[PDB]
Amino acid sequence: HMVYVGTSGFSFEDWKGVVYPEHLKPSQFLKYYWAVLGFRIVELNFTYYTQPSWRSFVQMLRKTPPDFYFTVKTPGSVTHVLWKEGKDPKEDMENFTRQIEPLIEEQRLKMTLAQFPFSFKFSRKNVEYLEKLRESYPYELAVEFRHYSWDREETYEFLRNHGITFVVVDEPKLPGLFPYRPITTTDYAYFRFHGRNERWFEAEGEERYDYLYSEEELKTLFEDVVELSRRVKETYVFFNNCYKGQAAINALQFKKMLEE
């Protein structure tokens, strides 16, 4: 019933003079992340504007110990585009599978994440789209919704019928957003904590994720994580409030709680 806590990404300059030493080189960020901060997992989103690149990650992986794992976001087309256009994610996900085929075979990849935007709403066509995604990708899959319309029984029945792991989310407590539902649809749990910034809908970029969970709220989240973890093979917990290392601070606080 292992629980793996980490953060969304590791490659931030914001973190220098917070959780990374002032004078740490960016090429030693990943080593510092797993060797010193002690995180055994990280959630990644490879783009052409994010660090690390896919190439630089796969080379740097050869210098990473066997017991370091990760989860990965699906391409942006699959979660933010094709469903708006009535298109099948088959070609995009098969292409994507090839990219990450290496690391599944090397047992480094624990889960693939499909996180959908606010504009993705509960409808018959969008559920149909989720069925197209499921059949395009035969490996461990997890789904997160942003829109409130999705928090209904039919959604959990669908996930359960198709073996999709439900992403338990903590987000701002604001109109329209998906609530915190500590529920399992599979034999894995997946938690994502974005913080609770009340300015979520106005904020520029990762100023949206400017939030630092209190010890009181971490404790309430923690008791749910341990309660669920007993019902599943493994649980993956990621902190996404990465603005100025807040995610790392909270993830380290949370990791400490797990240690007793």
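What counts, and where the lines are drawn
Residues numbered from 1 in each chain as written, not as in the entry; some residues may be left out. Heavy atoms only, no water. Residues with missing side-chain atoms left out of burial classes, pairs and counts. Helix = DSSP H or I, 4+ residues; strand = E, 2+ residues; numbered from the N terminus. Rg over C-alpha atoms; globule rule 2.2 N^0.38 Å. Buried < 20%, exposed > 50% of the residue type's maximum accessible area, 1.4 Å probe, protein only. Expected span 1.5 Å × (residues − 1). Bend = angle between axes of the 7 residues up to and from the residue. Pairing = 2+ DSSP bridges. Axes fitted to C-alpha atoms, helices over the stretch in contact; angles between N-to-C directions. Salt bridge = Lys/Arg side-chain N within 4 Å of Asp/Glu carboxyl O. Right-handed = clockwise from strand over helix to strand, strands pointing away. Patch = residues over 30% accessible without salt bridge, like charges linked within 9 Å, V, L, I, M, F, W, Y side chains within 5 Å. Areas by Shrake-Rupley, 256 points an atom, 1.4 Å probe, with all protein chains shown as cover. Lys, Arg positive; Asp, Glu negative; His and termini not counted. Charge placed at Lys NZ, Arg CZ, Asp CG, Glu CD.

The deposited coordinates for this entry were obtained by X-ray crystallography, with a reported resolution of 2.20 Å.

A.B. asks: Describe the overall build of the chain, naming the residues involved and giving the relevant values.
C.D. replies: Looking only at helices and strands, the chain features nine helices and eight strands. Computed over the C-alpha atoms, the radius of gyration of the chain is 18 Å, within 12% of the 18 Å expected from 2.2 N^0.38 for a compact globule of 260 residues. When the backbone C-alpha atoms are referred to their principal axes, the chain occupies close to 50 × 40 × 40 Å.

A.B. asks: Describe unusual backbone geometry, with residues and values.
C.D. replies: In the segment running from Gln51 into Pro52, the intervening peptide bond is cis, with an omega of 5 degrees. With phi around 60 degrees, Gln107 is a residue other than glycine that occupies positive phi space. Backbone geometry places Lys244, a non-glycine residue, at a positive phi of 60 degrees. Topologically, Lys244 is positioned in the loop between β8 (234–239) and α9 (246–259). Classification of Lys244 by relative accessible area gives partly exposed; the value is 47%.

A.B. asks: Tell me about helix α5 (residues 90–105), and please be specific about residues and values.
C.D. replies: Taking 1.5 Å as the rise per residue, α5 with 16 residues should run 22 Å; its terminal C-alpha atoms sit 21 Å apart, in good agreement. Residue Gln99 marks the point of greatest curvature in α5, where the axis turns by about 50 degrees; the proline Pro102 follows within four residues. Positive phi shows up at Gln107, right after α5, with a value of about 60 degrees.

A.B. asks: Mind laying out the sheet that holds strand β6 (residues 165–170), listing which residues take part and the relevant values?
C.D. replies: Read from one edge of the open sheet, eight strands run β1-β8-β7-β6-β5-β4-β3-β2, paired in parallel fashion. Each edge of the open sheet carries a strand with a single partner, namely β1 (2–7) and β2 (41–44). For this sheet, the mean inter-axis angle between neighbouring strands, taken without regard to orientation, is 25 degrees.

A.B. asks: Mind laying out the pattern of salt bridges, listing which residues take part and the relevant values?
C.D. replies: This model, assessed by the stated rule, comprises 15 salt bridges. With a shortest N-O distance of 3.5 Å, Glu144 and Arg146 are connected by a salt bridge. Grouping residues by exposure puts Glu144 and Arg146 together as buried. For the salt bridge of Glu153 with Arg160, the shortest nitrogen-to-oxygen distance reads 3.9 Å. Since its relative accessible area comes to 46%, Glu153 is described here as partly exposed. Taking relative accessible area as the criterion, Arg160 reaches 41% and is therefore assigned partly exposed.

A.B. asks: For the pairing of β2, give the residues involved together with the corresponding values.
C.D. replies: Burial along β2 is two-sided: the face carrying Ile41 and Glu43 and the face carrying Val42 and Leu44 are both buried. The pairing of β2 with strand β3 (residues 69–73) spans four bridges and is classified as parallel. Counted as the bridge partner of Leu44 is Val72 from β3. A crossover links β2 with its parallel partner β3, the connecting element being helix α2 (residues 54–61), and its sense is right-handed.

A.B. asks: Outline a negative patch on the surface, supporting the account with residue identities and numerical values.
C.D. replies: Taken together, the side chains of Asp88, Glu91, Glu94 and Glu135 define an acidic patch exposed on the protein surface. Position of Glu135 relative to the elements: it lies in helix α6 (residues 124–136). Accessibility expressed as a relative area gives 57% for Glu135, which makes it exposed.

A.B. asks: Lay out the pairing of strand β7 (residues 188–193) in plain terms, naming residues and giving numbers.
C.D. replies: Of all the six residues making up β7, six are buried; the element is thus mostly covered by neighbouring parts of the structure. Taking every second residue as pointing to the same face, both faces of β7 are buried, with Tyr188, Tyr190 and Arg192 on one and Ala189, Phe191 and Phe193 on the other. Across four bridges, the pairing between β6 and β7 is parallel. When the sheet's bridge partners are listed, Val169 is paired in β7 with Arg192. Across six bridges, β7 lies against β8 in parallel orientation. Looking across to β8, one finds that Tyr190 is bridged to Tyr236. With helix α8 (residues 215–229) bridging β7 and its parallel neighbour β8, the resulting β-α-β unit is right-handed.

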